[PDB]
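Peer 1: Sharing a structure below in structure tokens format, with a few things to ask.
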Amino acid sequence: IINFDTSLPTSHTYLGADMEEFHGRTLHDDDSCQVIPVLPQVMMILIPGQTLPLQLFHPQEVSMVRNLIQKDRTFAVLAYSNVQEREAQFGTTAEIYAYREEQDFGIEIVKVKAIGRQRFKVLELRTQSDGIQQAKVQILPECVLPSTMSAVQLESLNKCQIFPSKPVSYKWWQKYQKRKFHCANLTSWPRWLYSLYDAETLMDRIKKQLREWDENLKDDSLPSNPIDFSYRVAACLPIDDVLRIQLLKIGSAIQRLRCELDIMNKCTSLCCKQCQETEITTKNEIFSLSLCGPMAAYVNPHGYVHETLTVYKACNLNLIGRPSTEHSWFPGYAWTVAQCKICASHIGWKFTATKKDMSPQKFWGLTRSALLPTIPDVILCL
Amino acid sequence: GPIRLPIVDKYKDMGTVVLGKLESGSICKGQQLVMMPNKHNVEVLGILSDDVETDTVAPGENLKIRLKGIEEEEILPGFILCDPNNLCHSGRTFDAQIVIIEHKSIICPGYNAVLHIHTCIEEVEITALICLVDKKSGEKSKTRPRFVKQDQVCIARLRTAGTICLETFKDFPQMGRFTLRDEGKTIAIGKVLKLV
Amino acid sequence: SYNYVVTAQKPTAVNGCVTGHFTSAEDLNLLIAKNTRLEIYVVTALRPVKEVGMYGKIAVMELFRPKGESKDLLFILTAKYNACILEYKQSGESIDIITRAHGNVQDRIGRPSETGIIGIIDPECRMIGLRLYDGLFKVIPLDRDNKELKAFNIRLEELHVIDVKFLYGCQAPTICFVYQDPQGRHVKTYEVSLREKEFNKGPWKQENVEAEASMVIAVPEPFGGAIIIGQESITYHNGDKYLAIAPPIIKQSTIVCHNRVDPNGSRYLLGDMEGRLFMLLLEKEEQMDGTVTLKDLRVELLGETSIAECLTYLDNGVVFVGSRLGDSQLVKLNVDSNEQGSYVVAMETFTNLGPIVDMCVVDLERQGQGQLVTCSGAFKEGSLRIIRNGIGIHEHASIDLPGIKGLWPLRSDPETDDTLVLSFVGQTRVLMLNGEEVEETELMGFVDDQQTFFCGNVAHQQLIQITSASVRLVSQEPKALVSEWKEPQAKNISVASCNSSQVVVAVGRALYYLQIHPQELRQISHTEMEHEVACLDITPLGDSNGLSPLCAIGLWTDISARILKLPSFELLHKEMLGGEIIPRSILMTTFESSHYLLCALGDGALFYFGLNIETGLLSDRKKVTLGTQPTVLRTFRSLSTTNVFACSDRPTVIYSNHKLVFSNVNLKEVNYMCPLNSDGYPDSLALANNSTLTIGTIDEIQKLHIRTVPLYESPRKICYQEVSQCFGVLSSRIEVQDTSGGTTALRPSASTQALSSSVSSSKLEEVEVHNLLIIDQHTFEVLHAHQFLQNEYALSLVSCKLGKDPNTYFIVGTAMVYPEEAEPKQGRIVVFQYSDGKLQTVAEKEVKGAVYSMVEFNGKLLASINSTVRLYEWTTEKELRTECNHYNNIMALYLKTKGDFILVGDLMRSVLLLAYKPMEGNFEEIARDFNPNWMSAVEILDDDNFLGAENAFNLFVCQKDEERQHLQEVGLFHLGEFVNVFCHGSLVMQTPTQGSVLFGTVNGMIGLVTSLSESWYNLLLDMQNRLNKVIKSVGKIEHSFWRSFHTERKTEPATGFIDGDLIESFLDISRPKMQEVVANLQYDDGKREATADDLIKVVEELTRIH
Ligand SMILES: O=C1CC[C@H](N2Cc3cc(CNC(=O)C(F)(F)c4ccc(Cl)cc4)ccc3C2=O)C(=O)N1
Ligand SMILES: [Zn+2]
């Protein structure tokens, strides 16, 4: 139905000429203590696997990054739990994979592309005389649990736990549940309950919702490891910062996947955060225009990061001015600032195609910071 | 394609030689050209790109160029060579998008400063400024501002001392970027939008 | 918090079974592994020998014979990767198992494979192959000097390995296995270099095997090669030869276990998943002497067995069937097909409680001590088990004979008893014992028209009989009366008692003293007493060669037990008891050389004092209640010591270790008794109630007795409704998708064979049908079977009273399960009432979600619905109206409550505390603790400590004491068993321990948990570390390593717990090891050096809680 090319927005081509790329990868040992610098102006809760673009202008930020591009390329992104909370307890590491320093206009500007790697717990914060802070951090391990039947499996049925690969289906999943959870009759709960805590089943249930948004092939785009999968879905869920913090505090993918599935079903409406009482869009209009999903982080010309959820239709929004193609995050579309009709708060932008052959001809890009998920009929993460 | 060569400096040698960095298009030996501010025709003699001589050369390189034509000095830095078909726009008033980066107080219309556009350096005055624009959104301001302070972006109209060669951004980058300058400090940077 | 974990019923399921020559090369042994227990039997045409306790979960158990060893050796590998090689040693009368080699074979990194640990031993007995983790193959060389079990790994190209086996008939250590890659399932063979340490390409391979290849069987010589088992085909593989059959008789279910019958390799056994039993047969042809080529493979169905986990043929045609779902069988299989069908017949049936899905405690025998009823087994092995703590009685003969009001043994000829005298109402009879046949005889000199109060052999080769009116003395040589005694005014005798030389009878308020001389009864004294006499005793206590100098009395009105001196009747001690009920029976006996006085009351109260023979002082009194009905005290001998049998409505045997142990007797009612020792019933007991005379022997110590009530279908939940004397049980049977509407049952089960059967809807592949069963608390007959709706899953069950309604209802929470919907969208809460003989459906509540659990919460019903806890109020119009509602993050799987607290958990170890606030009609989160891990069941210990079982068979305790909402991790313990349910209660009569909690297990193990004071936990922790140095551990497994809290990712030491099994083993070591254990201890009694008897009195106080 569409033809845009979901691979374009993830590239962040609006940043210009190809950046220098790095192939190396740095991962710290679980539970190890590390001192990692914090960027003073980044206001985001970064989740592992999420791409974070930045434009740094201030010399102190630029200087710190030049040093980082030479060392491990990893900085700390503190996850602020409350608005007036001075001390940060959690956060996520970001690994620079592309960078470019340019002396164009006459001011040193640094463009960076980072990716979330490891979650950590903040142990100490020390501010240097320059304004760049260092975090004494403890790498939080990813808790991997075995199959729920591992401690309740019969040794005679061990040779039956391996199943031959599935055909690319309704009848097959019924046989999967019956065979993997056969030894559930030795416990207090039935097979269908254990299914509710099975990574593979939960992941197949999420894919069914992701397929409603994108014609992406499950085969490749989505990772097969539940850990990576669980983090990838969390990145494109249009939830508020308090909920995003709760998902990051979750150490088990199982708990994360279940909590995500509940969010995907409960919160169907998206209202204006400033008003709280003004519907802007619904989950039925959410769609993915980028390989990352319906929501991804993008940077504006002044280094402001916006997690933009692409939706087909929005209401109660007034458009200010005329469309512009300048620094467009979706090349081929022009943007027009969109404010709320009631409180005039900036909600996002309307994107209108520049060429008649493009489809969709129009859509809306809403900034997560301006929206508030509402349950029809405070949302609680199951 | 179209050719643009901002002139850094000239010097009388051979017939007449000119210095610059060649930003637009390719330049062939003997390729007839023009000089935009005075509309002076001129023919190429020798293309001394780098220290070597080559008959033709592509954008990027640093060319010394021998000029055959009615050009024997009376050419200033901040002039340009131009393809005779689609040549460069000029004049002395223009609109531009100007982000204030360093200034202790407030700049308001009639603010005097220097204007560095490519090779050209000419004093400039901001006649009136049009509309603020918010950095978070992009929102063109509702009312006209009376002034703009630091760390702030606006769009304004600008009159230089006299006849210079401007080209809008989007059309051309290197000639469309500029830096306002005062007391040697860099006070603003700007992309040019319209041409009055 | 500090707690105490003790095993009350060792596991019953069978992890594995194997035969061999372990005790002696001449003997044939059968080795059974009941999880963390090892049973060693000797086969005859089974004999127990030794049972030992591993400090580990037995995962691999095989027998083998190294080069130059007298008998087979045993290899054991635990779930925590403890490896050891064990030998049997007998020094004459002391059986001991010595460890030869030991060592942990865990690798610092690795992912444990899906098919679990696989251990094998090559036929040459040179190496030991183990597939612990994926892509690797650990190998242990079996050199004589490998006492550390040093081993090495060998990389594998194949990652997904199904099953591996060492091949027979190869001069090189050759393995053969099945694997699976994205291209399909295949089979390969490798050769192992014990020196070069790698794989060399094996003999043969044949890719693209059966899709469900699961089992590999190595065939010994002369056949060689291997057999491949699957869902569809049984295939042979040796070299380029390829024999393949596909019998349709096994396509109906899956083969799970196997065993070799004859050591040549022609006959194999095949165990099914549904209990079927098959015999594989290999057809040979001996072309010449030497070569034996395989012709064909045949299979025959031999009959039905218990759902088998492990199998082993023994000898002479008998097979042991070890099961984990149902009872273990000893089966004899004949060559003649039985009349019912196939050729199998059960011989013995070994009890097996596993698995335990739920259990409840019940006071089935009115009040007193509790009993335990479990939902045990699965599928056709489904059964209820009733477990009571008490003493058994082996009935040798039962005779209907009402009115027995007295019982005495008699020796009619001087040895051993030969005559039983029975006293009826106002009359008397005599029974004679010729072998096991009882017949009425007459005893000349005895009067048979009066109520006999006592008779028995006495001194000078004489008898005696004390009727209501006389005191007759009979001779033995001619057998006739020689001297009769009566009252001077010929009045009736009230109470009497006698020993062997003295006789003290009483009339009203007066009592007389007689002596037994040849042909004479010499009256002596006749003091008057203040009030009527109730009971007296003249037992000769101790030391005195024949006669006693004391006389114990109980009096009416005064209700004072008194000790008088003979023949003066001087009041040596008066003790005034309760004051409303007269005494009914008194007795003076001695236990473990300590002298007690006992006295029972007509209301069942039992006093026991301490007696000073020379002083007559009755001191250190203690009282215990035994039953509502009057009690009668009798002395008898068992195990060369004198016990005391207390006849009543709750019969009780009193024995003993300087601590009296009142042990219930597994019998209905017993009014009168006497010890009988005849030529046909030696050293036995004679019991008598209102209608039965029972004779039989009695066990020496109380164990656990288990009554099996088969259901032939899986039970799920259970609760006890006392006001109806019935059990409510949830059950599920299996049916098959049939023609037309379908759903035809498999076999007659407990839900199809009920008295009255109901349903919830008419008719308007496998499929499960759920039922609510009503079971009588006495007969255990299925009184009613409710069948829930189609596609309805019954999850919870509770019997309680709600609101101000006096009726006690059965409440069941359900959930609709359709295969297309992952999470259940709707369920119901049904409120039944069992009135008379009907099951009225009182009320229903359609709910939009599942109902994983319920609980009665302060007269109101509290239920969980998905991630929501809902509180229901019971209307006066007989309905459920909502009062409160509370949402959570967690699926409210587990639900327990004490007082106003509520503890909510899920399968993910996540725990919530909730408190009812009546002034708000809502709930408030009190505390929480999230630490993601698999949780099987939880329970509330008290208001501040909460018990649960997490993955890898562990226990934990959380503790309460702003950020005072954090639950600390104060207790950890690797129990080694999969706990499946907790419930309060005990199995002993009504203080070192505080509280008591029982729990079930998948392996059928029943344990107990109780709290301790810090003083005891500190001491008993010192006790543990002292015993670990002393007691010899099998396989040299560190006790601290065994109980260490284990997960796949972490391994922390245990804390806040005490392995009561280890503490209880203090009484099994020899006396010097005790003194060795108490190496300068500071014991506290208001401190000094501690002795061995100091800790025995301590440990015996702990063994009396289960
Ligand atoms: O798809 C999208 C949706 C729109 C979004 N944008 C564009 C944008 C432009 C400006 C004002 N421009 C500038 O300030 C400038 F970039 F044009 C500039 C001019 C002169 C100089 Cl010297 C430097 C920079 C302010 C905010 C935004 C903003 O949030 C975006 O980035 N890509
Ligand atoms: Zn608004």
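By Swiss-Prot numbering, chain A shows 46-213, 220-428, 438-442, in order.
Just so it is clear, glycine is given a Cβ too, placed from its N, Cα and C backbone atoms.
Pulled from Swiss-Prot, these are the listed features:
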BINDING   A:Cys323, A:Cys326, A:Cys391, A:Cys394  Zn(2+) binding site
BINDING   A:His378, A:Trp380, A:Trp386  (S)-thalidomide binding site
DOMAIN    A:318-426  domain 'CULT'
Peer 1: Report the binding-site residues (A:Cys323, A:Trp386, A:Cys391) that meet this criterion: Cβ distance to the nearest atom of ligand 2 under 6 Å. Use sequence order and write none if nothing qualifies.
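Peer 2: A:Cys323, A:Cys391, in sequence order.
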Peer 1: Where ligand 1 binds, which of the binding-site residues A:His378, A:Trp386, A:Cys391 are close by, with Cβ under 6 Å?
Peer 2: A:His378, A:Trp386
Peer 1: Excluding near sequence neighbours, so keeping only residues 6 or more apart in the same chain, what lies with its CB under 8 A of A:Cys394 (Zn(2+) binding site)?
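Peer 2: For A:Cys394 (Zn(2+) binding site), the qualifying residues are A:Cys323, A:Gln325, A:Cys326, A:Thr329.
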Peer 1: Rounded to an integer, what is the Cα-Cα distance in Å between A:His378 ((S)-thalidomide binding site) and A:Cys391 (Zn(2+) binding site)?
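Peer 2: About 23 Å separates the two Cα atoms.
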Peer 1: Around the Zn(2+) site recorded as A:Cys323, A:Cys326, A:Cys391, A:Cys394, what other same-chain residues have a C-beta within 8 angstroms of the site's C-beta center?
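Peer 2: Going along the sequence, the neighbours appear as A:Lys324, A:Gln325, A:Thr329, A:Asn367, A:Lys392, A:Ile393, A:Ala395, A:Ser396, A:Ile398.
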Peer 1: Near A:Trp380 ((S)-thalidomide binding site), which residues of its chain come within a Cβ-Cβ distance under 8 Å, counting only those 6 or more away in sequence?
Peer 2: A:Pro54, A:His57, A:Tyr59, A:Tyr349, A:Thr359, A:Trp386, A:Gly416
Peer 1: Could you check the binding-site residues A:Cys323, A:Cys326, A:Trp386, A:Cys391, A:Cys394 and tell me which sit with their Cβ under 8 Å of a chain B Cβ?
Peer 2: A:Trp386
Peer 1: Just checking: Cα distance in Å between A:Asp428 and A:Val438, the two residues bordering 9 missing ones?
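Peer 2: Cα of A:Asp428 to Cα of A:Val438, across the missing 9: 13 Å.
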Peer 1: Spanning 6 missing residues, the endpoints are A:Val213 and A:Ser220. What is the Cα distance in Å?
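Peer 2: The separation between A:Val213 and A:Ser220 at their Cα atoms is 7 Å.
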Peer 1: Which numbers of helix, strand and coil residues does DSSP report for the domain 'CULT' (A:318-426)?
Peer 2: 6 helix, 53 strand, 50 coil
Peer 1: Would you list, in sequence order, the residues of this chain other than A:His378, A:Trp380, A:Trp386 that have their CB within 8 A of the centroid of the site's CB atoms, where the site is the one recorded for (S)-thalidomide?
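Peer 2: What remains near the Cβ centre is A:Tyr59, A:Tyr349, A:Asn351, A:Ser375, A:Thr376, A:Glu377, A:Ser379, A:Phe381, A:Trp400.
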